[PDB]
Amino acid sequence: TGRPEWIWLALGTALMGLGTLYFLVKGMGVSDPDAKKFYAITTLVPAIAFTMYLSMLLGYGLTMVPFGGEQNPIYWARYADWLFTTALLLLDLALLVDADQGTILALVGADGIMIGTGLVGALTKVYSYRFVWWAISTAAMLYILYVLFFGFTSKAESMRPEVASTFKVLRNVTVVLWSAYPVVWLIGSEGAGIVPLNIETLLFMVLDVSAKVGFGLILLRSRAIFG
Ligand SMILES: *C/C=C(C)/C=C/C=C(C)/C=C/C1=C(C)CCCC1(C)C
């Protein structure tokens, strides 16, 4: 096929793969129990991303959805990735501030809605309706970020500054990166079709890589992960 975005898919596969191996290697040398539990969660994130980027690179996860009078190329393998990666990231942050089970359950549940309605909207054939679903998915995300900002930041205050400081950074990187996804979707292939797929893939690989390997590097190199 040789689609114009393939280069970005290969670069995302490459980065996720390398990020996975370094986390894996670093994680299996650690003896601390708690450290092992962030290391296992954080390594799995780029591992899943790698498989999905690889599949997309190889021609899967792509579907032609009709709307706007066009046959639009929608990469659905992305949500198969994010459904597990976003929730895992959320768990990492939750375990960091000692978030309560109810919180974790509610956060992960909201996250399922976000990704679920997101895909439904990326698959919807009525143009305007695609934006109705997108709207509900973004609302779900804003709920998630509100909790991370108001809830979590508050509980990280019962933590040592080292843990409170690591969380702030991960929280900040998360709020900034996640905020970007809905806008990429809106102006790109799933939405207005303003930004082309090849450029859109580039924007998504940058956010994905940053949000996973960027996030993991920061978290795994911190002492806040120790029991
Ligand atoms: C590794 C992947 C990460 C951290 C992905 C984060 C993805 C989001 C915050 C996605 C959000 C979306 C919306 C708010 C609405 C429309 C569709 C999505 C799924 C792109």
Side-chain angles (χ1 to χ4, degrees), residues 8-9 11-13 15-17 19-20 23 41-56 61 63 65 72 74-94 107-124 127-149 169-193 195 197 200-219:
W8 299 127
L9 259 27
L11 214 203
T13 307
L15 300 174
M16 293 301 195
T20 300
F23 290 167
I41 296 168
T42 310
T43 302
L44 178 48
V45 170
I48 297 157
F50 171 80
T51 68
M52 297 301 88
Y53 258 95
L54 205 181
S55 295
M56 288 192 270
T63 192
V65 177
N72 311 96
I74 300 304
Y75 274 109
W76 64 266
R78 288 191 194 285
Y79 307 84
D81 178 324
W82 306 337
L83 178 64
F84 309 103
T85 59
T86 53
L88 286 167
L89 288 168
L90 255 30
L91 179 59
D92 259 333
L93 291 178
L107 260 180
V108 179
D111 189 273
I113 290 179
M114 172 180 99
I115 300 303
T117 51
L119 182 58
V120 174
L123 301 182
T124 303
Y127 211 158
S128 58
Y129 284 5
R130 297 182 61 83
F131 295 110
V132 157
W133 288 109
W134 170 87
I136 303 166
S137 175
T138 303
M141 179 197 82
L142 295 173
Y143 166 70
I144 290 163
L145 300 185
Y146 180 91
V147 164
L148 251 38
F149 191 73
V169 174
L170 294 184
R171 178 201 68 189
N172 286 175
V173 171
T174 306
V175 169
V176 177
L177 291 181
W178 287 44
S179 291
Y181 289 80
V183 177
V184 175
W185 196 106
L186 199 63
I187 69 184
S189 284
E190 297 63 67
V195 180
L197 188 46
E200 160 167 41
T201 302
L202 145 64
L203 302 179
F204 272 142
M205 86 127 243
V206 176
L207 297 167
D208 283 345
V209 176
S210 290
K212 292 181 178 67
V213 186
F215 180 107
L217 289 177
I218 305 177
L219 169 67

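Only this structure's heavy atoms are used, side chains among them; waters, hydrogens and symmetry mates stay out. This chain uses plain numbering: 1 for the first residue, then up along the sequence. Both counts, for ligands and for their atoms, begin at 1 and track the order of listing.
- No option in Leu170, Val45, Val169 other than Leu170 meets the side-chain contact (heavy atoms from CB on, under 4.5 Å) test with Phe215.
- Judged by distance alone, with hydrogens and angles left aside, the side-chain atoms of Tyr181 form a donor-acceptor pair with the main-chain N or O of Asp208 at under 3.5 Å.
- Per-residue contacts place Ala211 under 4.0 angstrom from the following atoms of ligand 1 (heavy atoms of the residue considered): 4 (C).
- Counting the atoms of ligand 1 from 1 in the order shown, those under 4.0 Å from a heavy atom of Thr138 are 14 (C), 15 (C).
- Closest to atom 17 (C) of ligand 1, if we only count protein heavy atoms, is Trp185 CD1, 3.6 Å.
- Classification of the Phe131-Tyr127 ring pair by plane angle, with boundaries at 30° and 60°, yields parallel.
- Nearest-heavy-atom check against atom 9 (C) of ligand 1 across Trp178, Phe204, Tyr79 picks out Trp178.
- The side chain of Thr86, and not its backbone, has at least one atom closer than 4.0 Å to an atom of ligand 1 (non-hydrogen atoms only; side chain from C-beta on).
- Side-chain contact between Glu190 and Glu200: present, with at least one pair of heavy atoms (C-beta onward) separated by less than 4.5 Å.
- Below 4.0 Å from some heavy atom of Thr85 lie the following atoms of ligand 1, by number and element: 1 (C), 2 (C).
- Closest heavy-atom approach to atom 1 (C) of ligand 1 among the candidates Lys212, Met16, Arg130: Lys212.
- By the side chain to side chain contact (heavy atoms under 4.5 Å, CB included) test, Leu83 is found to be paired with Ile115, residues two or more places apart in sequence or in another chain being considered.
- Aromatic ring centroids of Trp82 and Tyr79 lie under 6.0 Å apart.
- Closest to atom 12 (C) of ligand 1 by heavy atom, among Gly116, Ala139, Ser137, is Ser137.
- In this structure a side-chain-to-backbone donor-acceptor pair under 3.5 Å is present from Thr20 to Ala47.
- Against a heavy-atom cut-off of under 4.0 Å, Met114 is close to the following atoms of ligand 1: 8 (C), 9 (C), 10 (C).
- Screening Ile48, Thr42, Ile41 against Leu44 for a side-chain contact (heavy atoms from CB on, under 4.5 Å) leaves a single residue, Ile48.
- Closest protein heavy atom to atom 10 (C) of ligand 1: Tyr181 CB, 3.5 Å.
- When non-hydrogen atoms are compared, ligand 1 lies under 4.0 Å from the side chain of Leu89 (C-beta onward) but not from its backbone.
- Counting only non-hydrogen atoms, the option in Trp133, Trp82, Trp134 that gets closest to atom 18 (C) of ligand 1 is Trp82.
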